[PDB]
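In: sequence, then structure. It's an experimental one.
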Amino acid sequence: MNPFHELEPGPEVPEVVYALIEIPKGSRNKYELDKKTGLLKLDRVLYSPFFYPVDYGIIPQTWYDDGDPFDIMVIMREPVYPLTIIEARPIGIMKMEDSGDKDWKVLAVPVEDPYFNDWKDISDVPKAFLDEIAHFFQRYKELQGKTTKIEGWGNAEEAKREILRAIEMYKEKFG
Amino acid sequence: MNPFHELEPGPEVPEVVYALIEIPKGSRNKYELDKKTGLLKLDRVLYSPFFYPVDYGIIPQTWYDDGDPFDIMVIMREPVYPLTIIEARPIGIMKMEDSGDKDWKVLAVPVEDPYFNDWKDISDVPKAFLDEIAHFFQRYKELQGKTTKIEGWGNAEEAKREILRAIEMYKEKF
Amino acid sequence: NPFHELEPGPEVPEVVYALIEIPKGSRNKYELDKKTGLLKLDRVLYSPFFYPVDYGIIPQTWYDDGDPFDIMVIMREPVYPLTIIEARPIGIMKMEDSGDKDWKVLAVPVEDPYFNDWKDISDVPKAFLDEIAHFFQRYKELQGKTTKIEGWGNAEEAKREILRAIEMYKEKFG
């Protein structure tokens, strides 16, 4: 099966979405779903000694301007394993470009973790913890000669707007 | 595929059973299987700083009184990855109720680790180990307001009977 | 089943798929349950050794010892089981296991610039080739088995056996 194709975007879109984690926090290896089989594939080894500061994944049955599934970042105190589904609550969206491609990424918190019960919008996140995620994606492909532009952070109301548009975009392409 | 439905209960029931692990030892994220897809899911982060004292999973093609597959606990020296199949030897069963539901759990050891070759019945497990587990499940939902009762441990003869009953509960429901 | 349906590689024999079954640093020995494709615990290595490499199989291959072709990938950070790697062969290990031709490819990840200049067996520090062979020489000693390390062949010979392993499979199943 291809969990990107088979799974639904979420049980209560857009307040709660399904996050399919490809990369646990602390990983220097970059993974992604093999578009053919849906198995975990090593994309590359980060050219620098950086690690994903967040549990990285995608929202199933979503498509975005950058020709990929919609990227999502989930804050987990304990990193999960690849190909795990999390019920998460979007709280914001990171606005960045990559080689002219709009590579925006939803930021989200888990619903079933009471530690984040009061995290509902971007302002609830420590400012330092936003700067760190921005600096990761600003620099994690420098030694690959790639230039990245961090444009800003949107609030929870915009993050949900983009998912509804990524959900449609998928229906348009594969529907 | 949903592994819970496609795998036989074991190669030699009830002496040896398959343990499909969902939660490695040392984990605090509580995982389960998605009935629709068979993928690993995040059930909940344990509200307390406790970690599963054992490799925790289910026995495929089983059904129990509490409306769920039969839980099995396997004592691994090194944790396995989720969704890994273990050929284990049952040695006992923990009799606990959870919110009024009969939620007994088989305790087992791996066949393929000679460390546990001499482990065969519940008496063979250090008392201090049987206490830590019973305390884990007694309390790992306390902050959630849920009440769990630890009745005690049954021996290997008992745990093996329950397996056969849980098997007969699966063929009956599906 | 990933072994049966994945291709052998995006550019064989120069770039092959490595389907990892055992991440580096693991004392457990995991193999693919060939009937479902799920990970399965073969056996806990009787001795305190850990796999020195990311160990797996090449899909749609079949070798003289009656199993998918073994391949070893030198990863700095070990991956998770069932992870695909596009690797480059730089050598091969020649060893007899119980009288069966049990050769294993040695390769590096294509997308790790650290190993950019690793193109043949000779670019590997000798002491590393000495640690792998010793692992396999003794990792089944307490089990009563006998493994015989013959030597190391170069890349030209590993790519051949890869092609000769892609055919046997077509002959065995195609």
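Out: Yep, that arrived. Numbering: from 1, shown residues only, chains lettered A, B, ... in the order given.
In: check contacts around the residue nearest to residue A:112 when sequence neighbours are not counted.
Out: Setting aside the residues directly before and after it, residue A:112 is nearest to residue B:44 in space (C-beta to C-beta, 6 or more residues apart in numbering or on different chains), at 4.2 Å. Bear in mind the C-beta positions are built from the backbone N, C-alpha and C, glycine included. Residues in contact with residue B:44 (C-beta atoms under 8 Å, 6 or more residues apart in numbering or on different chains) are A:112, A:113, B:30.
In: ok, of those, which one's closest to chain C?
Out: Nearest to chain C out of the contacts of residue B:44 is residue B:30 (C-beta to the nearest C-beta; 19.6 Å).
In: show me how far the longest strand seen in chain A is from its chain's centre.
Out: Ranked by number of residues, the top strand in chain A under DSSP state E is strand A:84-98. What separates the centre of strand A:84-98 from the centre of its chain is 4 Å, taken as C-alpha atoms, centre = their mean, to the nearest Å.
In: and the next helix or strand past it?
Out: Later in the chain than strand A:84-98, the nearest helix or strand by DSSP states H and E is strand A:101-102.
In: so in that sheet, which strands flank that following strand, and in what orientation?
Out: Sheet pairing for strand A:101-102, assigned by DSSP bridges, gives strand A:84-98 (antiparallel).
In: what residue is smack in the middle of chain A?
Out: residue A:72 (1.7 Å; C-alpha atoms, centre = their mean).
In: return the distance of the helix or strand harbouring it from the chain's centre.
Out: Element membership for residue A:72 (DSSP H and E) is strand A:71-74. Distance of strand A:71-74 from the chain centroid (C-alpha atoms, centre = their mean) equals 2 Å.
In: longest helix in chain A, please.
Out: Using DSSP state H, we find that the single longest helix of chain A is helix A:156-174.
In: now it and strand A:84-98, what's the angle there?
Out: For helix A:156-174 against strand A:84-98, the angle by axes from the mean of the first three to the mean of the last three C-alpha atoms, to 10 degrees is 90 degrees.
In: in PDB, list the C-alpha atoms belonging to helix A:156-174.
Out: Below are the C-alpha coordinates for helix A:156-174, written out as PDB (Å, rounded to 0.1, in the frame of the first residue of the first chain):
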ATOM      1  CA  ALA A 156      -3.000  28.800  13.200                       C
ATOM      2  CA  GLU A 157      -5.800  30.400  11.000                       C
ATOM      3  CA  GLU A 158      -3.500  30.500   8.000                       C
ATOM      4  CA  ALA A 159      -1.900  27.100   8.500                       C
ATOM      5  CA  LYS A 160      -5.400  25.600   8.300                       C
ATOM      6  CA  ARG A 161      -6.200  27.600   5.200                       C
ATOM      7  CA  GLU A 162      -3.200  26.100   3.400                       C
ATOM      8  CA  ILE A 163      -4.100  22.600   4.300                       C
ATOM      9  CA  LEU A 164      -7.600  23.000   2.900                       C
ATOM     10  CA  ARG A 165      -5.900  24.300  -0.300                       C
ATOM     11  CA  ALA A 166      -3.400  21.400  -0.300                       C
ATOM     12  CA  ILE A 167      -6.300  19.000   0.200                       C
ATOM     13  CA  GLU A 168      -8.100  20.400  -2.800                       C
ATOM     14  CA  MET A 169      -4.900  20.500  -4.900                       C
ATOM     15  CA  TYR A 170      -4.600  16.700  -4.300                       C
ATOM     16  CA  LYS A 171      -8.200  16.100  -5.400                       C
ATOM     17  CA  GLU A 172      -7.500  18.200  -8.500                       C
ATOM     18  CA  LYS A 173      -4.400  16.200  -9.400                       C
ATOM     19  CA  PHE A 174      -5.400  12.600  -8.400                       C
END
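In: what segments of chain A are strands?
Out: Using DSSP E, strands in chain A cover A:17-23, A:29-33, A:40-45, A:55-58, A:71-74, A:84-98, A:101-102, A:105-110, A:148-154.
In: distance of residue A:32 from chain B?
Out: According to C-beta to the nearest C-beta, to the nearest Å, residue A:32 and chain B sit 17 Å apart.
In: actually residue A:23, sorry about that
Out: According to C-beta to the nearest C-beta, residue A:23 stands 15 Å off from chain B.
In: check residue A:124 too.
Out: As judged by C-beta to the nearest C-beta, residue A:124 and chain B stand 18 Å apart.
In: please apply the same query to residue A:168.
Out: Residue A:168 sits 23 Å away from chain B, taking C-beta to the nearest C-beta as the criterion.
In: same deal with residue A:147?
Out: Taken as C-beta to the nearest C-beta, the span from residue A:147 to chain B is 35 Å.
In: for that residue, give me phi and psi.
Out: phi -100, psi 130 (degrees, to the nearest 10).
In: hey, what's the residue nearest to residue A:112 bridged with?
Out: Applying DSSP bridges to residue B:44 gives these bridge partners: residue B:30.
In: stretch A:64-73: how far from the chain's middle?
Out: On the basis of C-alpha atoms, centre = their mean, stretch A:64-73 is displaced by 8 Å from the centre of the chain it belongs to.
In: stretch A:54-64 too?
Out: Its chain's C-alpha centre and that of stretch A:54-64 lie 5 Å apart, by C-alpha atoms, centre = their mean.
In: go on, stretch A:12-28?
Out: Centroid separation for stretch A:12-28 versus its chain: 6 Å, with C-alpha atoms, centre = their mean.
In: start and end of that stretch, how far apart?
Out: 33 Å (C-alpha to C-alpha, to the nearest Å).
In: and stretch A:95-107, by the same measure?
Out: Stretch A:95-107 has an end-to-end distance of 10 Å (C-alpha to C-alpha).
In: before we move on, what about stretch A:60-68?
Out: Stretch A:60-68: ends 11 Å apart by C-alpha to C-alpha.
In: and if you look at stretch A:115-124?
Out: Stretch A:115-124 has its terminal residues 12 Å apart, counting by C-alpha to C-alpha.
In: off-centre distance for it?
Out: Taking C-alpha atoms, centre = their mean, the mean C-alpha location of stretch A:115-124 is offset from the chain mean by 17 Å.
In: swap in stretch A:153-165?
Out: Chain-centre distance of stretch A:153-165: 13 Å, with C-alpha atoms, centre = their mean.
In: ok, stretch A:64-76 next?
Out: Worked out by C-alpha atoms, centre = their mean, stretch A:64-76 lies 4 Å from the chain centre.
In: show the end-to-end separation of it, please.
Out: 24 Å.
In: over to residue A:100: give its phi and psi.
Out: phi 80, psi 0.
In: how far away is it from chain B?
Out: From residue A:100 to chain B the distance is 34 Å (C-beta to the nearest C-beta).
In: go on, residue A:127?
Out: 24 Å.
In: just residue A:123 next, same as before
Out: Taking C-beta to the nearest C-beta, one finds residue A:123 at 23 Å from chain B.
In: and if you look at residue A:27?
Out: Distance of residue A:27 to chain B, given as C-beta to the nearest C-beta: 15 Å.
In: thank you kindly, that will do.
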